Number of protein chains: 2
Amino acid sequence: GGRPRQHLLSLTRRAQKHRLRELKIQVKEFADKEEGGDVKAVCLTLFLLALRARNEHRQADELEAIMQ
Amino acid sequence: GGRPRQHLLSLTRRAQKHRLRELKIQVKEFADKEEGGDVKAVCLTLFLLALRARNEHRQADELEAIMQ
DNA sequence: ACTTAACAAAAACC
DNA sequence: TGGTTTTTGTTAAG
DNA sequence: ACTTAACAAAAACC
DNA sequence: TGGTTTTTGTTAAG
């Protein structure tokens, strides 16, 4: 069978890191090939656009206030 | 030749969306296959772990205060 | 610190 | 007991 | 609103 | 003028 997966957000940073391991690589590969290795700006923008795609403008604005 | 790319963070949300278009798909595909289609939690965690990997704990804490 | 991979063991499933 | 996968932490390396 | 793809045109490069 | 790619916005569809 295998142990059931807990929600990503409930996991330790260690276990969270283990689950995204493969996507972290794909993101790295993309950022390198297309955005001059700027993972932060890429993940920041993915997250921002993911928020605004969901109409969470208030949260997106607050994150945009934090990042400057 | 082709027009030089501006920095991702200087672009309009429209143009930003156009550049990440392909990574947005890979992220979608991953979230669906591995995280029950939870793009937000995935991008949130990628960004958080990207911040803490860079020792930007203060910013990561503030984003973690915003998201609850 | 952070990262990484390896070695472990416990946990939760069959 | 056996299996598995997930979760954690430690351990040994950058 | 958001999304998407299409159609446009201007911009910045050759 | 031609080419290209990028940037924007609009347009027509969910």
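Atom set for the values below is all heavy atoms of this structure, side chains included, hydrogens, waters and symmetry mates excluded. Naming convention: chains lettered A, B, ... in sequence-line order (proteins, then strands); numbering from 1 in each chain.
- One finds a side-chain N or O of A:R21 lying less than 4.0 angstrom from the OP1 or OP2 phosphate oxygen of C:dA5.
- As the counterpart of F:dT7, E:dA9 is assigned, both hydrogen-bonding distances of the Watson-Crick or G-U wobble pattern falling under 3.5 Å.
- The bases F:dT10 and C:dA6 are not paired as Watson-Crick or G-U wobble with both atom distances under 3.5 Å.
- Rounded to whole Å, atom P of C:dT4 lies 11 Å from atom NZ of A:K28.
- A:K17 has no side-chain polar atom (N or O) that falls below the 4.0 Å cut-off from OP1 or OP2 of D:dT8.
- Although no hydrogens or angles enter the test, the distance criterion places a donor-acceptor pair under 3.5 Å between the side chain of A:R5 and the main chain of B:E34.
- Here the side chains of A:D38 and B:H7 are in contact, with some heavy-atom distance below 4.5 Å.
- Residues A:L8 and B:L44 fail the side-chain proximity criterion, which asks for heavy atoms closer than 4.5 Å.
- Under a hydrophobic-cluster definition in which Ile, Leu, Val, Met, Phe, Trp and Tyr are linked whenever side-chain heavy atoms come within less than 4.5 Å, directly or via other members, B:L20 and A:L20 are assigned to the same cluster.
- A donor-acceptor contact under 3.5 Å is not formed by the side chain of B:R3 with the base of F:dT5.
- Rounding to whole angstrom units, CD of residue B:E22 and P of F:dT5 are separated by 15 Å.
- Put simply, A:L46 and B:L51 are part of two different groups of oily side chains (I, L, V, M, F, W, Y) that touch within less than 4.5 Å, one to the next.
- For the pair B:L48 CG and C:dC2 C1', the interatomic distance rounds to 16 Å; values are reported in whole Å.
- Rounding to whole angstrom units, CG of residue B:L11 and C1' of F:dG9 are separated by 14 Å.
- Note on A:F47: it does not cluster hydrophobically with A:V42, by side-chain heavy-atom contacts below 4.5 Å among ILVMFWY residues.
- The side chain of B:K24 contributes no N or O atom lying less than 4.0 Å from OP1 or OP2 of E:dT3.
- Both distances falling under 3.5 Å, in either a Watson-Crick or a G-U wobble arrangement, place D:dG2 opposite C:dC14.
- At D:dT5 the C1'-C2'-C3'-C4' dihedral is negative, so the sugar adopts a south, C2'-endo-type conformation.
- A heavy atom closer than 4.0 Å to some atom of DNA chain F occurs in no member of residues 29-42 of chain B.
- Atom CG in A:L51 sits roughly 12 Å away from atom P in E:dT3 (whole-Å rounding).
- In terms of phosphate contacts, B:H18 brings no side-chain nitrogen or oxygen within less than 4.0 Å of OP1 or OP2 of F:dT5.
- For F:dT7, classification of the furanose by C1'-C2'-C3'-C4' yields a south pucker, on the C2'-endo side.
- The nearest whole Å value for the distance from the CD1 atom in A:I25 to the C1' atom in C:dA5 is 12 Å.
- Counting non-hydrogen atoms under 4.0 angstrom, A:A53 reaches the backbone sugars and phosphates but no base.
- Between A:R5 and D:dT6 there is a side-chain N or O to OP1 or OP2 distance below 4.0 Å.
- Remark: P of F:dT8 and CG of B:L8 are 11 Å apart, rounded to the nearest angstrom.
- Proximity of A:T12 to the phosphate of D:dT7: no side-chain N or O atom is located under 4.0 Å from OP1 or OP2.
- For A:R19 and D:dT5, the shortest distance from a side-chain N or O to OP1 or OP2 is not below 4.0 Å.
- The base of D:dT8 sits within donor-acceptor range of the side chain of A:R14, with an N or O pair under 3.5 Å.
- B:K28 pairs by the salt bridge (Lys or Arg N to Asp or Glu O under 4.0 Å) definition with B:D32, not counting sequence neighbours.
- B:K40 has its side chain within reach of B:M67: a pair of non-hydrogen atoms, C-beta onward, lies under 4.5 Å apart.
- Rounding to whole angstrom units, CD of residue B:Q16 and P of F:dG9 are separated by 12 Å.
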